[PDB]
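What follows is a single structure, written as structure tokens, with notes after it.
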Amino acid sequence: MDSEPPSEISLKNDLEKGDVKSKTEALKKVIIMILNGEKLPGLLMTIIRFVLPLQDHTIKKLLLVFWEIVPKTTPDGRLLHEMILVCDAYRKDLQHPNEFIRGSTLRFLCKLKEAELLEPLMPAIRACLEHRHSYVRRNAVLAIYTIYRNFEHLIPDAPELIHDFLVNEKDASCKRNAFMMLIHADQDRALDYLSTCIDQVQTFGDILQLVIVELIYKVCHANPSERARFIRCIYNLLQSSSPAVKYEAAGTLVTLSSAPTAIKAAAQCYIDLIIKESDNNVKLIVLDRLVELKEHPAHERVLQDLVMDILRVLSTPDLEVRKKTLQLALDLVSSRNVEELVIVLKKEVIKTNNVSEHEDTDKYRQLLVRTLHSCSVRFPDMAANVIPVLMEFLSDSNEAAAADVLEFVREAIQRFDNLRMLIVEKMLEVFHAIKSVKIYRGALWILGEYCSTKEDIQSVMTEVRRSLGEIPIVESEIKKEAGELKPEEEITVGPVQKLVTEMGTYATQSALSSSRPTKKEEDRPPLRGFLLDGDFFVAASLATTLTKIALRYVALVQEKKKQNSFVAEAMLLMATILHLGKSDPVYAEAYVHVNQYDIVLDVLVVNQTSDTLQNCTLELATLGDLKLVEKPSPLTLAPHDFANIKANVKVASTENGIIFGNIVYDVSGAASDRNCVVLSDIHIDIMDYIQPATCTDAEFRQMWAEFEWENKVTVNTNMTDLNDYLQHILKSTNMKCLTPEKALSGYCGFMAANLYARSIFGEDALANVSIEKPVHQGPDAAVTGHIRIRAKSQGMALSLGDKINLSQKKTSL
Amino acid sequence: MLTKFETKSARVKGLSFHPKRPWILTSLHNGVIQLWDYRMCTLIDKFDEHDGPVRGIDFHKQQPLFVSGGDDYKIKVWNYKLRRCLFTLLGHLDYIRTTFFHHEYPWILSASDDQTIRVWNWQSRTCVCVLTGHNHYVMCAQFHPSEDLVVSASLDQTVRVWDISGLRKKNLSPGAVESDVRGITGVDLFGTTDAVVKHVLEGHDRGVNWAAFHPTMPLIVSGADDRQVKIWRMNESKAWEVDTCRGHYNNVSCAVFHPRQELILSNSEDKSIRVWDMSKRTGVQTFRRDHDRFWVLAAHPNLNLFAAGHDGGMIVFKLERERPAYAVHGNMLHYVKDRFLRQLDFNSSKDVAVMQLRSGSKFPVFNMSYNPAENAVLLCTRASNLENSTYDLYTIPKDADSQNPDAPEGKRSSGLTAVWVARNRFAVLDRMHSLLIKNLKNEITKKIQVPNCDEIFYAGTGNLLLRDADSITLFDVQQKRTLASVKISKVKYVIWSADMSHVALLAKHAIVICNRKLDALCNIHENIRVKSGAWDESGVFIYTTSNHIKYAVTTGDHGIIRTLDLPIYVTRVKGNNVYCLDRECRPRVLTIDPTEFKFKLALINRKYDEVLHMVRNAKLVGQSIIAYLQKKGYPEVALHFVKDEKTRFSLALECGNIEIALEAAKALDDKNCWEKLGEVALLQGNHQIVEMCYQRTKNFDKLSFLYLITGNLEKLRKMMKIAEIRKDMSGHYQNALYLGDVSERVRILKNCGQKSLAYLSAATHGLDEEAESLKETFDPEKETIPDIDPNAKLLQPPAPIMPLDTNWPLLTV
């Protein structure tokens with residue numbers, strides 16, 4: 001009988017039957033239905049009658065079982081007395097020669113904090129005063145303590161009965177087996193006795209002595225219990241810069257992340273921390289101790305650095321461990337992050353050296369070039385390293401492989417003015433075999449800026465200019481680029497001037513030069529030719545032309561703040577980006593009142609009628625996410641009764657199977673068809689059910705992408721900013737205004753709120769409230785705001801859309 | 001036709017409509033019976049009462065029960081509230097096809113396929129009667145709304161009308177003493193197979209499977225095994241009244257009358273359900289719903305919906321109206337037609353209804369419209385949207401078609417539509433499907449007029465002649481011109497004040513009440529759109545927005561007057577009463593009370609003495625009397641209710657006299673209140689009151705600071721000691737400075753162990769001896785001269801004021 005709540009009639013029958021097995025099974029079936037929480041008092045006389053005196057342990061044990069989980073509730077066969085049918089003949093049970101029945105009886109009897117059993121539990125310590133097992137003596141210290149807990153904090157429970165009444169706790173210390181139920185409030189002499197016992201311990205018993213009294217002067221003295229306290233005590237005597245090298249903490253710690261890569265990744269972190277405490281700049285974070293595994297002697301054999309190499313990773317162990325490991329290389333050794341990121345990047349970025357680090361997918365290659373290159377932009381020393389490695393990247397000599405390479409290096413030159421003169425000659429080489437945009441773009445920029453340095457350019461450019469591949473974006477990049485630097489410093493059959501001619505043709509003009517350009521018609525609609533066409537005031541010469549622009553870098557460009565940079569090593573970053581970091585007539589009148597922060601729905605129940613409505617009961621219901629914190633409890637609604645009855649309200653619950661409308665309120669009365677009527681007290685909305693939750697800009701952005709929010713409305717009374725009406729109203733449809741999606745200035749400055757919720761509707765809810773408050777001569781519609789809304793199938797989107805207008809209720813009875 | 005309900009259950013042999021409630025029972029061939037709340041969508045019960053087909057099903061609503069008959073050969077009675085079998089009885093010896101319940105005593109009738117229908121009395125031991133005649137199966141037994149007679153449809157080619165209180169049927173010749181039944185050729189030929197004959201009816205269509213009545217007619221229609229339906233008079237057994245409806249293709253299981261339409265609805269065991277003309281008695285149209293065969297039919301005796309049972313399940317289907325146009329005059333609701341004929345007026349919480357003569361509608365409603373003075377009703381008839389029909393005007397208090405044909409009142413004339421309009425006796429009509437104006441020449445206008453025409457909009461309903469083709473257009477009195485057009489969001493309704501000059505329109509929050517043309521007088525405060533609400537011409541606006549009728553406002557007061565037990569629409573407010581009718585159109589009325597209204601009419605006119613009487617438990621709530629009256633910043637209302645320890649606290653800061661605060665603060669059992677009121681106290685000016693508070697919040701150090709500022713020296717010392725012990729070094733420390741000598745610090749600091757600080761303080765005052773004591777007890781060296789003096793005079797003259805600022809003067813207003 002797993003859980004069957006109607007079966008009590010059969011149990012009575014089964015409980016006495018003249019067959020002992022049946023009786024045991026019955027009583028067992030009662031236990032299992034109560035434990036789940038089901039019907040049990042009908043049976044009581046039957047249950048109690050067979051078992052009572054006997055020394056036959058199994059039925060007695062079963063009855064003994066049922067007296068610690070419901071004795072108080074059941075009363076057919078027990079009623080209320082001092083020597084109840086729980087203990088009257090269980091004084092026999094306590095005083096049987098078999099330890100088990102006595103012991104069991106003692107154990108339940110003393111366990112209860114019952115006051116209708118207080119006297120019978122007190123000399124119940126007799127059953128276990130003699131200690132036939134470790135179990136008997138432990139059973140005794142726990143039972144005396146449980147007696148002490150049960151209203152006997154004074155002389156009824158404190159001395160000895162004949163050996164224990166609160167003194168097993170003392171005795172246990174010096175006896176062969178220990179266990180101290182003495183944790184609080186008990187004899188001082190036993191506490192003292194436990195200390196002595198630390199030495200003459202029994203190990204289970206030591207965990208009991210130890211919860212009470214901890215800290216040792218020793219190293220130990222033995223056993224897991226003492227050992228477990230000991231690592232706590234050690235952390236005290238050296239708190240300083242974490243544990244560093246984990247103590248006896250290490251054993252539990254592995255299981256704490258049994259799923260399976262995460263342990264190594266964690267372990268790797270600690271091992272890296274431990275090596276050294278470095279400068280602790282941007283991603284140079286290694287704490288713990290400065291010297292404890294050093295770094296870098298030149299006589300150390302086979303050195304520290306061997307373990308450091310693991311941390312430099314491509315994936316060399318698996319991805320979770322990889323992400324931890326790349327950060328960890330950066331963390332022990334660099335200048336900041338820059339130094340070790342360049343080494344690390346050199347390995348990752350595409351080459352002709354190894355083909356286990358090159359790939360023909362263009363974005364990844366490109367990104368890897370940008371990561372290597374960002375290190376230079378960060379720190380100078382890296383510029384010198386980067387440029388020759390970049391030329392190796394080029395040497396791959398696939399159209400695309402060159403292409404990616406050329407694209408970053410060209411950015412680097414914008415930063416690094418006439419420093420990378422050397423690269424230009426390498427960069428031209430792979431520009432001729434071509435099937436893509438990227439190669440043309442980049443090459444034309446290097447060869448263009450670099451012209452003073454070289455003289456090749458008609459020849460290199462011209463094979464490509466009459467070759468094909470994909471050429472949209474090529475136009476833009478060649479347009480600003482081709483002439484640049486020194487007015488007449490090249491010549492192969494086209495000097496720098498031919499280049500300016502070319503540069504202009506490629507931009508949007510027409511001219512025979514480099515055997516004509518591939519295309520002329522520019523990239524995306526805004527860019528066009530014209531700016532540059534106007535430009536080249538002084539023909540490709542460092543002055544105030546293309547050259548200027550080329551040998552200068554747009555805004556601030558420093559660090560790895562992503563200003564001509566990309567922020568570490570490209571593969572590690574994907575993982576970091578991913579991390580969102582999300583945090584019968586009846587009359588009612590009613591108002592909601594709050595006194596001393598108690599929120600209640602006031603209801604007055606009125607019988608305007610002369611007719612009888614007796615049988616009157618009042619209930620507030622649990623609909624779904626609405627709940628009663630206590631229904632109105634008066635038996636009112638009688639002939640010409642006016643009553644004030646208070647129903648307490650909650651807003652947060654779990655969905656019930658009954659209707660999901662406004663608030664259900666139920667009054668009952670006389671009638672047999674409609675004994676229960678549902679009638680209303682004032683408004684509560686569907687919106688309550690939504691649950692508020694919040695987003696950060698990353699979670700908002702991810703969800704924006706994840707599912708559409710095209711749906712918009714413009715809501716009146718969003719004249720005001722985010723903070724005022726809009727927040728308060730948004731709150732009531734369990735929403736909250738978080739992070740921005742705005743871009744403010746002297747022409748821009750709609751207030752933008754990123755909203756989130758996680759509705760109990762199988763959807764989230766998100767929105768952006770844009771408040772069109774004029775920051776221009778031509779506003780949208782002046783003050784008002786357009787709320788762009790969604791939910792996960794946009795079923796709550798709509799709630800956001802209208803619950804940001806207005807919202808107010810009041811009455812004054 | 002609209003599908004209200006459709007649940008696939010599999011082959012439903014029996015179907016019955018509850019006459020009390022809008023419920024359906026179905027008995028299935030699968031042996032399951034189900035009771036459905038078809039409007040609510042909630043399964044009431046489900047019983048497998050027999051293995052095989054259960055062919056008959058009935059409601060036994062005399063006490064809240066359902067009755068079923070199955071092929072167990074029994075009529076069983078079942079509880080729908082307790083789900084138990086109330087009683088079981090032996091109907092017959094074969095299939096119970098249909099069962100019917102007597103309302104005389106708990107007698108049950110069962111019709112069987114063993115050729116008898118019997119009635120059995122449970123209450124006693126008796127089987128009271130057996131009604132015999134059939135020679136082949138009584139397929140169905142059906143109640144009329146009177147309980148005296150029943151009809152049975154049997155497949156021996158007859159319909160037998162029975163008496164249930166009678167032995168079989170009940171009749172006796174007054175022209176002879178002999179039995180009505182003749183077994184010989186008389187004026188008709190039949191056998192001897194009855195006790196007597198009251199009415200043997202034709203059923204010839206090779207046996208009639210079912211018979212049923214229209215709720216208000218003696219006429220019955222029967223569907224039979226062939227492919228015809230035959231309509232019979234059961235009240236005379238005429239054969240000059242019986243017409244045959246032809247359409248079906250195979251054995252017609254049933255045919256019953258549609259209560260609410262002038263059509264007869266039939267269903268057959270082919271695959272079609274066919275609808276029949278009830279003024280022509282032949283098939284108007286055939287529908288296939290492709291659930292295959294239909295073995296049962298049902299027409300609602302509560303005139304709700306209509307239902308037919310099929311071999312896949314059953315459907316209850318809808319041919320009814322939703323949201324009808326209406327207006328209330330003084331005690332008369334006038335509404336546009338809905339099910340259950342004409343009803344209205346009276347009740348206030350019951351879903352019962354009762355009749356009064358106030359029918360605005362008494363013929364197909366092309367238009368129903370009130371006079372703006374409310375003295376006539378215009379009902380436009382003979383449908384059409386061509387250019388002509390008829391319009392009949394009725395008098396508003398009690399309505400006939402014509403009142404007298406010899407009197408100006410109740411006349412009729414032609415006009416496609418006619419609808420009343422302002423000037424309060426006028427009407428405007430369409431009689432060419434243009435806007436024509438109507439006069440009669442004095443009194444409420446009844447006579448057709450052809451002058452004046454327009455070329456915009458198209459005739460329909462209204463109350464000011466509403467016409468639509470893209471908007472709701474109000475038309476003028478004596479001008480062809482459009483008076484104005486309204487475009488707004490609606491909840492499917494148009495709400496009139498009661499006078500039909502004015503109109504209320506529903507908007508995004510609540511409703512707005514407006515005058516003639518579109519001019520907004522005010523907006524009803526309430527978050528959501530109300531279902532309906534009406535204004536007693538202006539001022540007292542009463543509305544429904546849920547299940548309760550509450551006043552938006554009366555004289556600036558706000559109240560919920562009372563709740564009803566059903567959702568409802570306000571019919572309008574004309575008089576003190578507000579009258580309501582819902583979708584089904586059951587009435588509720590409510591007297592506007594002097595409950596909530598008097599209380600706040602009184603509080604507004606600053607009467608508190610009046611207001612105490614006014615306080616009743618029909619309007620007490622929690623915050624409109626006992627805590628709403630704690631909402632004046634110069635307490636007035638606040639003074640009156642102050643019973644809550646919080647309201648008392650509040651009251652005190654709003655005056656600025658915190659003498660009451662401390663006590664409320666006390667009774668709020670809280671420290672925070674004492675410190676905050678103490679601060680307010682310092683603000684009224686007096687520091688005695690501040691001290692007491694601040695002392696018990698334990699801000700001895702704030703006090704220490706306050707105290708020279710206040711100019712006490714005695715009190716300042718008390719603070720020093722009781723802050724000494726706390727080691728508040730910006731409490732105990734203060735006071736020594738503040739008195740002319742520093743000695744207080746010296747000891748406190750000694751106890752802190754701050755010997756240095758203690759010496760410096762002491763030494764400077766020239767208490768070098770104490771300074772030395774501190775040095776000697778602790779580490780010496782007192783010689784050192786810090787960035788502060790270590791021995792330069794400290795003396796201050798403490799507080800020149802003789803009366804202190806604990807004794808700050810006050811008068812208090």
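Chain labels follow the order of the structure tokens: the first chain is A, the next B, and so on; residue numbering restarts at 1 in every chain, and ligands are counted from 1 in their shown order.
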For the contact check between region 575-610 of chain A and region 678-691 of chain A, emit one row per residue of region 575-610 of chain A within 12 Å, containing the shortest atom pair and the distance in Å rounded to one decimal, counting only C-alpha atoms, chain then rising number order, as CSV.
residue,atom,partner,partner_atom,distance
A:584,CA,A:678,CA,10.0
A:585,CA,A:679,CA,9.5
A:586,CA,A:679,CA,7.5
A:587,CA,A:679,CA,8.0
A:588,CA,A:681,CA,6.4
A:589,CA,A:681,CA,6.4
A:590,CA,A:681,CA,5.5
A:591,CA,A:682,CA,7.0
A:592,CA,A:682,CA,8.7
A:601,CA,A:681,CA,8.3
A:602,CA,A:681,CA,8.7
A:603,CA,A:681,CA,7.1
A:604,CA,A:681,CA,9.3
A:605,CA,A:681,CA,10.1
A:606,CA,A:679,CA,11.9
Using only C-alpha atoms, find the residues of chain B whose closest atom to chain A is at most 7 Å away, then write them as a short mmCIF file (atom, residue, chain, number, x, y, z; two decimals) with N, CA, C and O atoms, in the first residue's frame.
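See selection-v2.cif below for the written result:
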data_model
loop_
_atom_site.label_atom_id
_atom_site.label_comp_id
_atom_site.auth_asym_id
_atom_site.auth_seq_id
_atom_site.Cartn_x
_atom_site.Cartn_y
_atom_site.Cartn_z
N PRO B 64 -31.21 17.49 -6.02
CA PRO B 64 -30.20 17.71 -7.09
C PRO B 64 -29.56 16.46 -7.43
O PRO B 64 -28.77 15.99 -6.67
N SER B 349 -29.65 38.92 -6.73
CA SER B 349 -28.52 38.01 -6.54
C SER B 349 -28.76 36.65 -7.00
O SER B 349 -27.89 35.81 -7.18
N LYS B 350 -30.04 36.44 -7.39
CA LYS B 350 -30.33 35.17 -7.92
C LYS B 350 -30.26 35.17 -9.42
O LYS B 350 -30.44 36.23 -10.07
N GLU B 526 -11.17 53.93 -12.83
CA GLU B 526 -11.14 52.47 -12.87
C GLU B 526 -10.20 52.12 -13.92
O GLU B 526 -10.28 52.60 -15.08
N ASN B 527 -9.21 51.25 -13.60
CA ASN B 527 -8.12 50.76 -14.36
C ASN B 527 -8.57 50.10 -15.64
O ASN B 527 -7.99 50.42 -16.65
N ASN B 547 -18.46 41.23 -10.82
CA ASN B 547 -19.60 40.53 -10.29
C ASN B 547 -20.35 41.40 -9.29
O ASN B 547 -21.28 40.90 -8.64
N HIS B 548 -19.87 42.62 -9.12
CA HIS B 548 -20.35 43.53 -8.17
C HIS B 548 -20.64 44.79 -8.92
O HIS B 548 -20.13 45.17 -9.95
N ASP B 557 -17.84 60.86 -3.34
CA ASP B 557 -17.67 59.77 -2.48
C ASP B 557 -17.29 58.63 -3.38
O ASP B 557 -17.60 58.61 -4.54
N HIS B 558 -16.72 57.54 -2.80
CA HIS B 558 -16.54 56.38 -3.63
C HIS B 558 -16.90 55.14 -2.84
O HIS B 558 -16.59 55.11 -1.65
N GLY B 559 -17.66 54.24 -3.53
CA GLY B 559 -18.22 53.12 -2.82
C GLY B 559 -18.32 51.91 -3.68
O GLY B 559 -18.77 52.12 -4.83
N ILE B 560 -18.30 50.73 -3.09
CA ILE B 560 -18.81 49.58 -3.79
C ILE B 560 -20.01 49.39 -3.06
O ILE B 560 -19.99 49.28 -1.83
N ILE B 561 -21.20 49.45 -3.76
CA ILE B 561 -22.51 49.33 -3.07
C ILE B 561 -22.80 47.89 -2.68
O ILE B 561 -23.17 47.66 -1.51
N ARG B 562 -22.70 46.97 -3.52
CA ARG B 562 -23.01 45.61 -3.14
C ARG B 562 -22.52 44.77 -4.27
O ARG B 562 -22.28 45.27 -5.36
N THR B 563 -22.42 43.40 -4.05
CA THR B 563 -22.04 42.40 -5.01
C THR B 563 -23.30 41.59 -5.22
O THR B 563 -24.07 41.30 -4.34
N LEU B 564 -23.45 41.04 -6.47
CA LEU B 564 -24.48 40.10 -6.81
C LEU B 564 -23.73 38.81 -6.92
O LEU B 564 -22.49 38.82 -6.88
N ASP B 565 -24.32 37.63 -7.16
CA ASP B 565 -23.64 36.39 -7.36
C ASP B 565 -23.41 35.95 -8.80
O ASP B 565 -23.05 34.79 -9.02
N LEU B 566 -23.59 36.85 -9.79
CA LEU B 566 -23.51 36.53 -11.17
C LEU B 566 -22.77 37.76 -11.79
O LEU B 566 -22.90 38.90 -11.27
N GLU B 596 -22.11 53.87 2.10
CA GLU B 596 -20.85 54.37 1.82
C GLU B 596 -20.90 55.87 1.51
O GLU B 596 -20.02 56.66 1.88
N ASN B 617 -21.03 48.09 9.45
CA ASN B 617 -20.23 46.91 9.06
C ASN B 617 -20.68 46.47 7.71
O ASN B 617 -20.50 45.33 7.30
N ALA B 618 -21.22 47.40 6.90
CA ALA B 618 -21.75 47.17 5.57
C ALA B 618 -20.88 48.06 4.75
O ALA B 618 -21.20 48.23 3.57
N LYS B 619 -19.85 48.74 5.36
CA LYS B 619 -19.09 49.82 4.78
C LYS B 619 -17.81 50.17 5.61
O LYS B 619 -17.18 51.19 5.39
N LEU B 620 -17.55 49.40 6.70
CA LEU B 620 -16.47 49.69 7.64
C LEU B 620 -15.18 49.62 6.85
O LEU B 620 -14.34 50.45 7.10
N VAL B 621 -14.98 48.59 6.00
CA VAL B 621 -13.73 48.10 5.49
C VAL B 621 -12.57 48.23 6.50
O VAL B 621 -12.73 47.96 7.67
N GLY B 622 -11.28 48.62 5.97
CA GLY B 622 -10.14 48.69 6.81
C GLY B 622 -9.63 50.10 6.62
O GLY B 622 -8.86 50.63 7.37
N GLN B 623 -9.93 50.77 5.46
CA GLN B 623 -9.25 52.02 5.13
C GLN B 623 -10.16 52.79 4.31
O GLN B 623 -9.86 53.05 3.15
N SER B 624 -11.18 53.37 5.07
CA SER B 624 -12.19 54.25 4.51
C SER B 624 -12.85 54.78 5.72
O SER B 624 -13.64 55.72 5.61
N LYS B 646 0.28 52.40 14.59
CA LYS B 646 0.83 53.01 13.39
C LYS B 646 0.12 54.28 13.02
O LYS B 646 0.82 55.28 12.75
#
Within 12 Å of residue 571 (chain A), counting only C-alpha atoms, which residues show up once you throw out same-chain ones fewer than 5 positions away? Write them as a list in words, please. residues 313, 314, 315, 319, 322, 323, 324, 325, 326, 327, 341, 344, 345, 348, 349, 363, 364, 365, 367, 368, 370, 371, 372, 566, 576, 577 and 578 of chain A
Compile the contact shell of region 248-256 of chain A as a list in words: residues with an atom at most 8 Å away, counting only C-alpha atoms, same-chain residues fewer than 2 positions apart removed. residues 228, 231, 246, 258 and 263 of chain A
Give me every strand (DSSP E or B) residue in region 91-293 of chain B, going by DSSP on the backbone, as a ChimeraX atom specification. /B:96-101,107-112,116-121,129-132,138-143,149-154,158-163,200-202,208-213,219-224,228-233,244-246,252-257,263-268,272-277,283-288
Counting only C-alpha atoms, the residue of B:190, B:143, B:36, B:5 that sits nearest residue 301 (chain B):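 The closest residue to residue 301 (chain B) is B:143.
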With DSSP run on the backbone, what are the alpha helix (DSSP H) residues within region 556-766 of chain B? I'd like them as a ChimeraX atom specification. /B:596-604,609-614,637-640,645-655,659-666,671-684,688-697,700-710,714-724,734-738,744-752,755-764
Just want the 6 Å neighbourhood of residue 69 (chain B), counted on only C-alpha atoms, with same-chain residues fewer than 4 positions away dropped. Output as a PyMOL selection string. chain B and resi 56-57+74-75+96+99
Restrict the selected residues to C-alpha atoms and save them as a short mmCIF file (atom, residue, chain, number, x, y, z; two decimals), in the first residue's frame.
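Saved to result_30.cif:
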data_model
loop_
_atom_site.label_atom_id
_atom_site.label_comp_id
_atom_site.auth_asym_id
_atom_site.auth_seq_id
_atom_site.Cartn_x
_atom_site.Cartn_y
_atom_site.Cartn_z
CA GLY B 56 -31.30 6.50 -21.85
CA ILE B 57 -30.33 9.50 -19.76
CA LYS B 74 -32.41 -0.75 -14.47
CA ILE B 75 -33.21 2.92 -13.79
CA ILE B 96 -33.81 1.23 -20.99
CA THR B 99 -35.93 7.48 -18.68
#
For residue 443 (chain A), which residue among A:399, A:277, A:381, A:188 is the nearest when counting only C-alpha atoms?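 Among the listed residues, the smallest separation from residue 443 (chain A) belongs to A:399.
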Quick one: residues within 8 Å of region 384-401 of chain B, only C-alpha atoms counted, chain neighbours fewer than 6 positions away excluded, as a PyMOL selection string? chain B and resi 329-330+332+357-360+362+366+374-378+409-418+430-433+446+459-460
What lies within 12 Å of residue 657 (chain A) using only C-alpha atoms, ignoring chain neighbours under 5 positions off, as an NGL selection string? (:A and (621-625)) or (:B and (42))
